[PDB]
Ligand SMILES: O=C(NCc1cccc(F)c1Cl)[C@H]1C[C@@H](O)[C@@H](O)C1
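We begin with a single chain expressed as structure tokens, specifically the form deposited without Optactamide.
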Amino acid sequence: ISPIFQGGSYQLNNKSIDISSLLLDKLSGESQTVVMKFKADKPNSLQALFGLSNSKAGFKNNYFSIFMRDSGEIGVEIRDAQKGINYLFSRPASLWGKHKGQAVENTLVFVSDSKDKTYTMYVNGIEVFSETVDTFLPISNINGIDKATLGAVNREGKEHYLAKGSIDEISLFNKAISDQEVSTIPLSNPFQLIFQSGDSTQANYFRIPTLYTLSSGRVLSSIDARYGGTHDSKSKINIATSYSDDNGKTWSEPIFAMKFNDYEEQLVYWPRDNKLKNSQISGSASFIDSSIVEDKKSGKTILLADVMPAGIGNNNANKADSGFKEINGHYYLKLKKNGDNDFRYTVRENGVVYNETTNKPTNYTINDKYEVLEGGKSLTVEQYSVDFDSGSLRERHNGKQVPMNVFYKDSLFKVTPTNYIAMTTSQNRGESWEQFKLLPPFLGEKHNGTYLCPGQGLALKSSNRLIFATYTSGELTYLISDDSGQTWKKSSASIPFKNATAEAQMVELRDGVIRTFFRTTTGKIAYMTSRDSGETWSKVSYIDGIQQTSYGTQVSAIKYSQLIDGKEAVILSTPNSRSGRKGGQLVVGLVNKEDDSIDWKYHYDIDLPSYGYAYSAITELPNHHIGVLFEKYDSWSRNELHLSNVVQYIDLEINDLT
């Protein structure tokens, strides 16, 4: 159907615009849709874009509004004091402000559906909330409504929630348009989605993006596909990948690089209320924090990620146990059998499960997928599914049998409850992945594994050397391979931090010279340098001119292929803020070839200083553009948990940055 009202080119300059005459007598029936294309690149702290109110004395709480905050939050209020209704629905981190320094046209669609008693908001083609109520309040059924307003709400004759921005286009319909019809509304998005709710992963949430440009020109991305809300492990999380063959313009349907099947892959709307938002899938194995590198010699792609057995994360991982036993100068994975109080088994050569108490081998073996076989026969466990049907999280058997894996809660044989690092490879540039293998311990039997630094590994340009950074208490632990990742050694680099999440990413400044940039607890990004391809490392220095919070955020970095202002250039991606994960920037640094110091010369604002920006991935695309895949929200804030479609991708050119 066509609109009952349509208007545009409204400038909101801290002065409301009255459209009562045009709109109020057009409103009819109990269902409505608002479609609004608007810009706000310098919003007030809290502002209303659109309002329908009773402006009379004594009815200040009788109004409908669409409002936004300078945090990027969008929402509505639907209020009628006589009816005793005060609805407030909203979602943080739903908006764009600026892109390439120009104000972004956001497309907002609000559907008020009396038949289904549901209010649904979309912004930029993304559903940010859908709320069903027992007692529906039609937006123009508010008692005594007498004003329709742009850029404020008229309460008792005065302008509340005054806005700064513009509404280029606004249409209203006397119908609740379908989700199908919404999908046909043209958008002006500055961004793309690679991974998204409803795709092949069936994860409703994503975190920890990576990007890496392959020698063929294919661009590969990996990510945490997070099922139980956006929580770090313990949860259910798989590692998923997607690639682009056209410089980032389009992306393949995701596949899994690493996955467990003890729990179903379920698209769940995780509760965001204060009572339930910390609900956590507590019995599932999971992966977390992936990193990618390409090996020139073999041509293989290599992906590592942390691995957690059922119920396990950072919080509860057995520190002081690697989960391996040394026997002869070799490391074997330890196992505990159903009913034992200790770990009396090891996985020796050829997956053979071996009893340590009696040095006797068993009739159990572990196959390549870490699955348990008895006498060559595949053992199984029943899968779990999760739901909130009861008002709290339940994890229960779903009737389906899956291969028994030693990382599972229901397995006859279990690994040590600690964190491991797994490796997989692809021989077809991400079209499929091999079954993962655990990496051996690097810091000894009685040390839990290090934590992988998410993002990219480093393939030195002049050799076959591959490096993945990892971190642990007191050091960075670089993992080095010269044989296509068949064998690894460590190179330890002391840092003056205990228990830091020292997520580190590397650039090769020139042949053999590596600078690593890393997250700290000091509010500054740190760096160190190797001049011998990672064998030894300098002391730690800090970057001035960029601020992070006390807790820090992952930083991504690349060495750009082209000179800028006649100099070798490095580009860093990070929030720039001492307050929260917001104020995203790409910072272009020029290398002083006299001493390899870096002059951080250009700061490019990804979006508003107040809009969210957390973990990120950057890559130089084959056409010399820059691709950025990043968490567009504050992934620390306890107010912005469990948001869908906030990991987003943009394309930039160097002239945009400088």
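Residue numbers run from 1 along the displayed sequence.
What comes next is about the form solved in complex with Optactamide, which does not appear here.
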Could you work out which of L586, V406, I558, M121 is the residue within 4.5 angstroms of Optactamide in the bound PDB entry, going by heavy atoms? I558
So which of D596, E30, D70, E620 reaches within 4.5 angstroms of Optactamide in the bound PDB entry, heavy atom to heavy atom? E620
Counting only non-hydrogen atoms and a 4.5 angstroms cut-off, does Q456 reach Optactamide in the bound PDB entry? yes
Check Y331 for me: does it contact Optactamide in the bound PDB entry (non-hydrogen atoms, 4.5 angstroms)? no
Does Optactamide come within 4.5 Å of any heavy atom of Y212 in the bound PDB entry? yes
Does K26 make contact with Optactamide in the bound PDB entry, using a 4.5 Å heavy atom cut-off? no
Would you mind picking out the stretch of 30-38, 596-604, 53-61, 612-620 that comes within 4.5 angstroms of Optactamide in the bound PDB entry, counting non-hydrogen atoms? 612-620
Out of 624-645, which residues reach within 4.5 Å of Optactamide in the bound PDB entry, heavy atoms considered? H624
